[PDB]
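Dumped my_file_35.txt below, it's compact mmCIF, N, CA and C atoms:
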# COMPACT_ATOMS: atom_id res chain seq x y z
N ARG A 1894 -8.78 19.95 -10.09
CA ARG A 1894 -7.70 20.71 -9.50
C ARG A 1894 -8.17 22.15 -9.43
N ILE A 1895 -7.93 22.84 -8.32
CA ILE A 1895 -8.30 24.25 -8.29
C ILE A 1895 -7.33 25.03 -9.16
N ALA A 1896 -7.86 25.97 -9.94
CA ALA A 1896 -7.01 26.62 -10.92
C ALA A 1896 -5.98 27.50 -10.22
N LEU A 1897 -4.87 27.72 -10.91
CA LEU A 1897 -3.86 28.66 -10.47
C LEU A 1897 -3.93 29.93 -11.30
N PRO A 1898 -4.16 31.10 -10.72
CA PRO A 1898 -4.11 32.31 -11.53
C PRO A 1898 -2.66 32.65 -11.81
N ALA A 1899 -2.43 33.28 -12.95
CA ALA A 1899 -1.09 33.57 -13.43
C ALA A 1899 -0.23 34.21 -12.35
N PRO A 1900 1.10 34.08 -12.44
CA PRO A 1900 1.96 34.83 -11.52
C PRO A 1900 1.73 36.31 -11.77
N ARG A 1901 1.20 36.99 -10.75
CA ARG A 1901 0.82 38.39 -10.92
C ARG A 1901 2.03 39.25 -11.25
N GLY A 1902 3.08 39.13 -10.44
CA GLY A 1902 4.30 39.88 -10.64
C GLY A 1902 5.53 39.08 -10.25
N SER A 1903 6.57 39.06 -11.07
CA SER A 1903 7.78 38.38 -10.64
C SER A 1903 8.31 39.09 -9.40
N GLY A 1904 8.87 38.32 -8.47
CA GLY A 1904 9.39 38.93 -7.25
C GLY A 1904 8.71 38.26 -6.07
N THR A 1905 9.52 37.77 -5.13
CA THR A 1905 8.99 36.95 -4.05
C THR A 1905 8.59 37.76 -2.83
N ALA A 1906 9.36 38.80 -2.49
CA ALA A 1906 9.10 39.54 -1.26
C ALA A 1906 7.70 40.15 -1.26
N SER A 1907 7.32 40.78 -2.36
CA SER A 1907 6.06 41.52 -2.45
C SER A 1907 5.01 40.81 -3.29
N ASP A 1908 5.32 40.47 -4.54
CA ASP A 1908 4.30 39.94 -5.43
C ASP A 1908 3.82 38.57 -4.98
N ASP A 1909 4.73 37.67 -4.62
CA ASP A 1909 4.30 36.34 -4.18
C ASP A 1909 3.66 36.39 -2.80
N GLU A 1910 4.05 37.37 -1.98
CA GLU A 1910 3.37 37.58 -0.70
C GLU A 1910 1.91 37.95 -0.91
N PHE A 1911 1.62 38.78 -1.90
CA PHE A 1911 0.24 39.16 -2.16
C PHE A 1911 -0.43 38.21 -3.14
N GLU A 1912 0.32 37.26 -3.70
CA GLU A 1912 -0.28 36.23 -4.53
C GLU A 1912 -0.75 35.10 -3.65
N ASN A 1913 -0.11 34.92 -2.50
CA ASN A 1913 -0.62 33.97 -1.54
C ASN A 1913 -1.81 34.59 -0.83
N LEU A 1914 -1.77 35.91 -0.65
CA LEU A 1914 -2.89 36.63 -0.06
C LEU A 1914 -4.12 36.49 -0.94
N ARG A 1915 -3.90 36.49 -2.26
CA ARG A 1915 -5.01 36.45 -3.20
C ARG A 1915 -5.52 35.03 -3.37
N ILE A 1916 -4.63 34.10 -3.73
CA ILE A 1916 -5.05 32.74 -4.04
C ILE A 1916 -5.57 32.04 -2.79
N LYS A 1917 -4.90 32.23 -1.65
CA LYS A 1917 -5.25 31.54 -0.43
C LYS A 1917 -6.16 32.35 0.49
N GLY A 1918 -6.55 33.55 0.08
CA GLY A 1918 -7.34 34.40 0.93
C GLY A 1918 -8.66 33.74 1.30
N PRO A 1919 -9.12 33.97 2.54
CA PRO A 1919 -10.45 33.49 2.92
C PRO A 1919 -11.48 33.73 1.84
N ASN A 1920 -11.50 34.96 1.32
CA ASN A 1920 -12.33 35.31 0.17
C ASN A 1920 -11.46 35.24 -1.08
N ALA A 1921 -11.74 34.25 -1.92
CA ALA A 1921 -10.98 33.99 -3.13
C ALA A 1921 -11.91 33.34 -4.14
N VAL A 1922 -11.41 33.13 -5.35
CA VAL A 1922 -12.19 32.56 -6.44
C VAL A 1922 -11.48 31.28 -6.87
N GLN A 1923 -11.81 30.17 -6.19
CA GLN A 1923 -11.23 28.86 -6.50
C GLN A 1923 -11.89 28.32 -7.77
N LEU A 1924 -11.39 28.77 -8.91
CA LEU A 1924 -11.82 28.16 -10.16
C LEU A 1924 -11.21 26.77 -10.31
N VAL A 1925 -11.86 25.94 -11.13
CA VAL A 1925 -11.45 24.55 -11.34
C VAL A 1925 -10.91 24.36 -12.75
N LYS A 1926 -9.86 23.54 -12.86
CA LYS A 1926 -9.40 22.95 -14.10
C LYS A 1926 -9.37 21.44 -13.93
N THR A 1927 -9.65 20.71 -15.01
CA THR A 1927 -9.50 19.27 -14.96
C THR A 1927 -8.06 18.83 -15.13
N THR A 1928 -7.75 17.68 -14.53
CA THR A 1928 -6.52 16.96 -14.80
C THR A 1928 -6.52 16.37 -16.20
N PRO A 1929 -5.34 16.08 -16.75
CA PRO A 1929 -5.27 15.40 -18.04
C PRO A 1929 -5.81 13.98 -17.93
N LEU A 1930 -6.50 13.54 -18.98
CA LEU A 1930 -7.22 12.28 -18.95
C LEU A 1930 -6.30 11.09 -18.68
N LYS A 1931 -6.65 10.32 -17.65
CA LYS A 1931 -5.97 9.07 -17.32
C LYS A 1931 -6.64 7.91 -18.06
N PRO A 1932 -5.87 6.94 -18.56
CA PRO A 1932 -6.38 5.98 -19.57
C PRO A 1932 -7.26 4.88 -18.98
N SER A 1933 -8.53 5.19 -18.78
CA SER A 1933 -9.40 4.25 -18.08
C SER A 1933 -9.66 3.02 -18.94
N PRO A 1934 -9.48 1.81 -18.42
CA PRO A 1934 -9.89 0.61 -19.15
C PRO A 1934 -11.36 0.32 -18.94
N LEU A 1935 -11.96 -0.37 -19.91
CA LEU A 1935 -13.38 -0.65 -19.80
C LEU A 1935 -13.65 -1.65 -18.67
N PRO A 1936 -14.66 -1.39 -17.84
CA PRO A 1936 -15.03 -2.35 -16.79
C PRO A 1936 -15.73 -3.57 -17.37
N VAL A 1937 -15.33 -4.76 -16.91
CA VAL A 1937 -15.96 -5.97 -17.41
C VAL A 1937 -17.38 -6.04 -16.86
N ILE A 1938 -18.34 -6.23 -17.75
CA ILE A 1938 -19.76 -6.25 -17.36
C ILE A 1938 -20.08 -7.58 -16.69
N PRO A 1939 -20.63 -7.57 -15.48
CA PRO A 1939 -21.05 -8.83 -14.84
C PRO A 1939 -22.10 -9.61 -15.62
N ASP A 1940 -22.07 -10.93 -15.41
CA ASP A 1940 -22.94 -11.81 -16.17
C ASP A 1940 -24.40 -11.55 -15.85
N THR A 1941 -24.71 -11.18 -14.60
CA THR A 1941 -26.10 -10.87 -14.29
C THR A 1941 -26.53 -9.59 -14.97
N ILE A 1942 -25.61 -8.63 -15.12
CA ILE A 1942 -25.99 -7.44 -15.85
C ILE A 1942 -26.16 -7.78 -17.31
N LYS A 1943 -25.64 -8.93 -17.75
CA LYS A 1943 -25.84 -9.31 -19.13
C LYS A 1943 -27.07 -10.17 -19.31
N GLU A 1944 -27.59 -10.73 -18.23
CA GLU A 1944 -28.89 -11.38 -18.28
C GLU A 1944 -30.00 -10.39 -18.02
N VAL A 1945 -29.65 -9.18 -17.60
CA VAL A 1945 -30.63 -8.10 -17.59
C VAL A 1945 -30.66 -7.41 -18.94
N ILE A 1946 -29.50 -7.14 -19.54
CA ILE A 1946 -29.51 -6.43 -20.81
C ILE A 1946 -30.04 -7.33 -21.92
N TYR A 1947 -29.70 -8.62 -21.88
CA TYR A 1947 -30.16 -9.54 -22.91
C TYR A 1947 -31.66 -9.77 -22.87
N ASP A 1948 -32.27 -9.73 -21.69
CA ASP A 1948 -33.71 -9.93 -21.59
C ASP A 1948 -34.52 -8.80 -22.22
N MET A 1949 -33.99 -7.57 -22.22
CA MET A 1949 -34.65 -6.50 -22.96
C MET A 1949 -34.52 -6.69 -24.47
N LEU A 1950 -33.33 -7.07 -24.94
CA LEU A 1950 -33.13 -7.36 -26.35
C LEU A 1950 -34.02 -8.48 -26.85
N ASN A 1951 -34.31 -9.47 -26.01
CA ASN A 1951 -35.28 -10.50 -26.35
C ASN A 1951 -36.70 -9.96 -26.38
N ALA A 1952 -37.00 -8.95 -25.56
CA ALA A 1952 -38.30 -8.30 -25.60
C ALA A 1952 -38.50 -7.45 -26.85
N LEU A 1953 -37.44 -7.12 -27.57
CA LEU A 1953 -37.61 -6.58 -28.92
C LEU A 1953 -38.34 -7.57 -29.82
N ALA A 1954 -38.06 -8.85 -29.65
CA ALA A 1954 -38.60 -9.87 -30.54
C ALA A 1954 -39.80 -10.56 -29.90
N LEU B 2641 -28.74 11.35 -29.65
CA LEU B 2641 -29.47 12.61 -29.82
C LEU B 2641 -29.63 13.34 -28.49
N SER B 2642 -29.68 14.67 -28.57
CA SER B 2642 -29.81 15.50 -27.38
C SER B 2642 -31.14 15.31 -26.66
N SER B 2643 -32.12 14.67 -27.30
CA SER B 2643 -33.35 14.32 -26.59
C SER B 2643 -33.09 13.30 -25.50
N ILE B 2644 -32.08 12.47 -25.66
CA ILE B 2644 -31.76 11.44 -24.66
C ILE B 2644 -31.23 12.11 -23.39
N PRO B 2645 -31.82 11.84 -22.23
CA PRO B 2645 -31.41 12.53 -21.01
C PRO B 2645 -30.06 12.03 -20.51
N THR B 2646 -29.22 12.96 -20.08
CA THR B 2646 -27.90 12.61 -19.58
C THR B 2646 -28.00 11.99 -18.19
N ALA B 2647 -26.95 11.23 -17.85
CA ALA B 2647 -26.86 10.61 -16.54
C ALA B 2647 -27.08 11.62 -15.43
N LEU B 2648 -26.50 12.81 -15.55
CA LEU B 2648 -26.73 13.82 -14.52
C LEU B 2648 -28.20 14.21 -14.40
N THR B 2649 -28.95 14.20 -15.50
CA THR B 2649 -30.38 14.51 -15.40
C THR B 2649 -31.16 13.35 -14.81
N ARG B 2650 -30.70 12.13 -15.02
CA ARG B 2650 -31.40 11.01 -14.43
C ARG B 2650 -31.11 10.96 -12.94
N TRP B 2651 -29.86 11.22 -12.57
CA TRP B 2651 -29.50 11.29 -11.16
C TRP B 2651 -30.22 12.45 -10.50
N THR B 2652 -30.42 13.55 -11.21
CA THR B 2652 -31.17 14.67 -10.66
C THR B 2652 -32.59 14.24 -10.33
N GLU B 2653 -33.23 13.52 -11.25
CA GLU B 2653 -34.59 13.04 -10.99
C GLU B 2653 -34.57 12.12 -9.77
N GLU B 2654 -33.63 11.18 -9.76
CA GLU B 2654 -33.53 10.24 -8.65
C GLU B 2654 -33.39 10.99 -7.35
N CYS B 2655 -32.50 11.98 -7.33
CA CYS B 2655 -32.24 12.73 -6.11
C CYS B 2655 -33.52 13.41 -5.66
N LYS B 2656 -34.21 14.06 -6.59
CA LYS B 2656 -35.43 14.78 -6.25
C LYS B 2656 -36.37 13.83 -5.53
N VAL B 2657 -36.64 12.69 -6.16
CA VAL B 2657 -37.61 11.75 -5.61
C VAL B 2657 -37.14 11.19 -4.28
N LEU B 2658 -35.87 10.80 -4.20
CA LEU B 2658 -35.34 10.12 -3.02
C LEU B 2658 -34.76 11.04 -1.95
N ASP B 2659 -34.36 12.26 -2.29
CA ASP B 2659 -33.89 13.19 -1.27
C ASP B 2659 -33.79 14.61 -1.78
N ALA B 2660 -34.85 15.40 -1.61
CA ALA B 2660 -34.87 16.75 -2.16
C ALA B 2660 -33.89 17.67 -1.43
N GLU B 2661 -33.91 17.66 -0.10
CA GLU B 2661 -33.15 18.61 0.70
C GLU B 2661 -31.88 18.03 1.32
N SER B 2662 -31.74 16.72 1.36
CA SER B 2662 -30.59 16.06 1.97
C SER B 2662 -29.41 16.00 1.00
N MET B 2663 -29.69 16.23 -0.28
CA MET B 2663 -28.64 16.39 -1.27
C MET B 2663 -27.70 17.53 -0.93
N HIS B 2664 -28.23 18.69 -0.57
CA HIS B 2664 -27.37 19.79 -0.17
C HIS B 2664 -26.47 19.40 1.00
N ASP B 2665 -27.04 18.70 1.99
CA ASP B 2665 -26.23 18.27 3.12
C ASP B 2665 -25.12 17.32 2.69
N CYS B 2666 -25.41 16.43 1.74
CA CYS B 2666 -24.36 15.53 1.29
C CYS B 2666 -23.32 16.27 0.48
N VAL B 2667 -23.74 17.31 -0.24
CA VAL B 2667 -22.78 18.12 -0.98
C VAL B 2667 -21.84 18.80 -0.01
N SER B 2668 -22.35 19.15 1.16
CA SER B 2668 -21.54 19.87 2.13
C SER B 2668 -20.55 18.92 2.80
N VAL B 2669 -21.01 17.70 3.09
CA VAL B 2669 -20.16 16.71 3.74
C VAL B 2669 -19.04 16.27 2.81
N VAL B 2670 -19.35 16.11 1.52
CA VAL B 2670 -18.34 15.66 0.57
C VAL B 2670 -17.40 16.79 0.19
N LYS B 2671 -17.94 18.00 0.07
CA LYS B 2671 -17.14 19.19 -0.14
C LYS B 2671 -16.04 19.32 0.90
N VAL B 2672 -16.37 19.11 2.18
CA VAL B 2672 -15.33 19.24 3.20
C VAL B 2672 -14.14 18.35 2.91
N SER B 2673 -14.36 17.20 2.28
CA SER B 2673 -13.26 16.30 1.97
C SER B 2673 -12.57 16.63 0.66
N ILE B 2674 -13.30 17.19 -0.30
CA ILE B 2674 -12.69 17.48 -1.60
C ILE B 2674 -11.85 18.75 -1.55
N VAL B 2675 -12.41 19.83 -1.02
CA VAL B 2675 -11.70 21.11 -1.00
C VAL B 2675 -10.40 21.02 -0.22
N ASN B 2676 -10.39 20.30 0.90
CA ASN B 2676 -9.15 20.19 1.67
C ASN B 2676 -8.04 19.51 0.87
N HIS B 2677 -8.40 18.50 0.09
CA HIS B 2677 -7.42 17.78 -0.72
C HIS B 2677 -6.95 18.64 -1.88
N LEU B 2678 -7.88 19.31 -2.55
CA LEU B 2678 -7.53 20.13 -3.69
C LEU B 2678 -6.74 21.36 -3.26
N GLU B 2679 -7.01 21.90 -2.07
CA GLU B 2679 -6.22 23.01 -1.55
C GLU B 2679 -4.82 22.55 -1.16
N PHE B 2680 -4.70 21.33 -0.66
CA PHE B 2680 -3.37 20.77 -0.40
C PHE B 2680 -2.58 20.65 -1.70
N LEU B 2681 -3.21 20.14 -2.75
CA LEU B 2681 -2.53 20.04 -4.04
C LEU B 2681 -2.27 21.41 -4.64
N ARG B 2682 -3.15 22.38 -4.39
CA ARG B 2682 -2.91 23.74 -4.86
C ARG B 2682 -1.70 24.36 -4.18
N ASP B 2683 -1.51 24.06 -2.90
CA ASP B 2683 -0.41 24.71 -2.19
C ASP B 2683 0.90 24.03 -2.53
N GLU B 2684 0.83 22.73 -2.83
CA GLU B 2684 2.04 22.03 -3.23
C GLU B 2684 2.46 22.43 -4.63
N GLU B 2685 1.51 22.53 -5.56
CA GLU B 2685 1.87 22.99 -6.90
C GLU B 2685 2.36 24.43 -6.87
N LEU B 2686 1.73 25.31 -6.08
CA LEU B 2686 2.19 26.69 -6.03
C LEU B 2686 3.61 26.79 -5.49
N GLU B 2687 3.92 26.04 -4.43
CA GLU B 2687 5.30 25.98 -3.97
C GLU B 2687 6.22 25.48 -5.07
N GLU B 2688 5.81 24.43 -5.78
CA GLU B 2688 6.61 23.91 -6.89
C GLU B 2688 6.84 24.98 -7.95
N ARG B 2689 5.82 25.77 -8.26
CA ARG B 2689 5.94 26.82 -9.27
C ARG B 2689 6.91 27.91 -8.84
N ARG B 2690 6.80 28.37 -7.60
CA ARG B 2690 7.76 29.34 -7.09
C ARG B 2690 9.17 28.77 -7.06
N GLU B 2691 9.31 27.50 -6.66
CA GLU B 2691 10.62 26.87 -6.65
C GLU B 2691 11.21 26.79 -8.06
N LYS B 2692 10.43 26.33 -9.03
CA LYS B 2692 10.94 26.23 -10.40
C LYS B 2692 11.30 27.59 -10.96
N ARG B 2693 10.52 28.62 -10.63
CA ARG B 2693 10.89 29.99 -11.00
C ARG B 2693 12.24 30.36 -10.40
N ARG B 2694 12.43 30.04 -9.12
CA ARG B 2694 13.69 30.33 -8.45
C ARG B 2694 14.84 29.58 -9.11
N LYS B 2695 14.61 28.32 -9.47
CA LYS B 2695 15.65 27.53 -10.12
C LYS B 2695 15.97 28.09 -11.50
N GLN B 2696 15.00 28.74 -12.13
CA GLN B 2696 15.24 29.46 -13.37
C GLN B 2696 16.08 30.71 -13.13
Structure re-expressed in structure tokens:
Amino acid sequence: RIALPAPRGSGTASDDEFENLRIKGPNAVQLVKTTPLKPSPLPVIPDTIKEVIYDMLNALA
Amino acid sequence: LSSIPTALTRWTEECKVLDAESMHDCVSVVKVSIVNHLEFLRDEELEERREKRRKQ
């Protein structure tokens, strides 16, 4: 998500007018923040990927 | 251990070998799609923030 810089000044006529000028300006500093972590479940490993991983473990022995 | 190379470093090696200069072009093509979406979400959240301030 592109970061939001703090509300510069309360007041819509002037401060928010120049806050859109700043944040949305052609020349601006679009800093990034991450979203909060979404609960990813583990992907099930395909059987062929397990006949690749197991063949290396057998090469240990 | 930090000696173990991270996925980004392995992908960096892969990129170098398989496409040294075309990586920048792909960054540009994908950027066009990411920035437009993130700017849309930025403008929607900013409107939401001004609205919530007004409701306050």
Report task. To one decimal in Å, tell me the separation between atom C of residue 1926 of chain A and atom N of residue 1895 of chain A. Result ->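 Spanning atom C of residue 1926 of chain A to atom N of residue 1895 of chain A is a straight-line distance of 6.0 Å.
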Closest contacts (chain A/chain B, max 8 Å, only N, CA and C atoms) as a tab-separated table:
residue	atom	partner	partner_atom	distance
A:1894	CA	B:2678	CA	5.8
A:1895	N	B:2678	CA	5.4
A:1896	C	B:2682	CA	7.2
A:1897	N	B:2682	CA	7.5
Requested in this report: Extract the full set of alpha helix (DSSP H) residues from chain A according to DSSP on the backbone, and format it as an MDAnalysis selection string.
Outcome: chainID A and resid 1910:1916 1940:1953
Query raised in the report: Mind pulling up the distance from atom CA of residue 1921 of chain A to atom CA of residue 2664 of chain B?
Result: 21.9 Å
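Atom CA of residue 1933 of chain A is positioned 27.7 Å from atom CA of residue 1950 of chain A.
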Could you write segment 1905-1930 of chain A of the block just shown to a file containing C-alpha atoms, as a JSON list (two decimals), in the first residue's frame?
[["chain", "number", "residue", "atom", "x", "y", "z"],
["A", 1905, "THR", "CA", -10.65, 21.01, 4.14],
["A", 1906, "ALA", "CA", -10.68, 24.21, 2.08],
["A", 1907, "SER", "CA", -6.93, 24.87, 2.34],
["A", 1908, "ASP", "CA", -5.02, 22.09, 4.12],
["A", 1909, "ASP", "CA", -6.68, 19.14, 2.37],
["A", 1910, "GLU", "CA", -6.48, 21.02, -0.93],
["A", 1911, "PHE", "CA", -2.71, 21.21, -0.53],
["A", 1912, "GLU", "CA", -2.57, 17.70, 0.93],
["A", 1913, "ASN", "CA", -3.97, 16.37, -2.30],
["A", 1914, "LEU", "CA", -1.48, 18.63, -4.07],
["A", 1915, "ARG", "CA", 1.29, 17.00, -2.04],
["A", 1916, "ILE", "CA", 0.27, 13.33, -1.92],
["A", 1917, "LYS", "CA", -1.08, 13.20, -5.49],
["A", 1918, "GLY", "CA", 1.37, 15.65, -7.03],
["A", 1919, "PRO", "CA", 3.19, 14.53, -10.18],
["A", 1920, "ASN", "CA", 6.33, 14.92, -8.09],
["A", 1921, "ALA", "CA", 5.68, 13.13, -4.79],
["A", 1922, "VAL", "CA", 7.25, 10.55, -2.48],
["A", 1923, "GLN", "CA", 5.10, 7.39, -2.69],
["A", 1924, "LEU", "CA", 6.49, 5.55, 0.30],
["A", 1925, "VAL", "CA", 5.24, 2.00, 0.90],
["A", 1926, "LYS", "CA", 3.71, 0.29, 3.92],
["A", 1927, "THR", "CA", 2.75, -3.37, 4.04],
["A", 1928, "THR", "CA", -0.76, -4.64, 4.63],
["A", 1929, "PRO", "CA", -1.43, -6.66, 7.79],
["A", 1930, "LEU", "CA", -0.54, -10.31, 7.36]]
